[PDB]
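Q: Per the numbering used here, numbering of the sequence shown is gapless, rising by one per residue and ending at 948.
Supplied in structure tokens, the structure appears directly below.
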Amino acid sequence: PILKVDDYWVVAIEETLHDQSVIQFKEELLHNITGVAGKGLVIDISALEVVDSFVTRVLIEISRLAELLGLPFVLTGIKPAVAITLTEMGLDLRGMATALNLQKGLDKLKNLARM
């Protein structure tokens, strides 16, 4: 489920039931964000109680693609615990845009485009 609000892409990742699902999502997302112009991307991982090695590298990839695309990208709903695994796993949470939740995510992206 990849929706669009005021030109921003919104994704919520839910607990999954296969790995092939995370690849389909990654492939569909990148297909969308390189297709028609968007102003930004928020992905919410608050549903994930633990972050698999699989989802980790996917976020690293999307984050890395969004930069190469010049697409604002904020990650939201990160608990203190899954935050430490992500950074160890190599996602630089400090140098990137994160927000408490989806509303704060949208706001943050909107705020930087008023600069």
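Backbone N, C-alpha and C fix where the C-beta goes; we use that ideal spot for every residue, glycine too.
Where does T909 land, buried or exposed, given buried means 16+ other C-beta within 10 angstroms?
A: Buried, since its Cβ has 16 or more Cβ neighbours within 10 Å.
Q: Which residues in the same chain as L935 place their Cβ atom closer than 8 angstroms to its Cβ, once the five residues preceding and following it in sequence are excluded?
A: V843, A845, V875, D877, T909 and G910
Q: How close, in whole Å, do the beta carbons of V907 and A932 come, if the pair is a contact with beta carbons under 8 angstroms?
A: 5 angstroms
Q: Can you check which of these residues, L942, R947, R897 and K937, is closest to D925 by C-alpha distance?
A: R897
Q: Less than 7 angstroms between C-beta atoms, sequence neighbours within five positions excluded: which residues of the same chain meet that for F887?
A: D852 and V855
Q: Since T889 is in the alpha helix (DSSP H), which residue starts that stretch and which ends it?
A: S886 to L901
Q: Mark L904 as exposed unless 16 or more other C-beta atoms lie within 10 angstroms of its C-beta, in which case mark it buried.
A: By the neighbour-count rule (16 or more Cβ atoms within 10 Å), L904 is buried.
Q: Is the CB-CB distance between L902 and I866 below 8 angstroms?
A: yes
Q: Let me know the secondary structure DSSP gives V875 once reduced to three states.
A: strand
Q: So the alpha helix (DSSP H) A916 belongs to, where does it begin and stop?
A: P913 to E921
Q: Quick one: Cα of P834 to Cα of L945, how far?
A: Cα to Cα, the separation comes out at about 26 angstroms.
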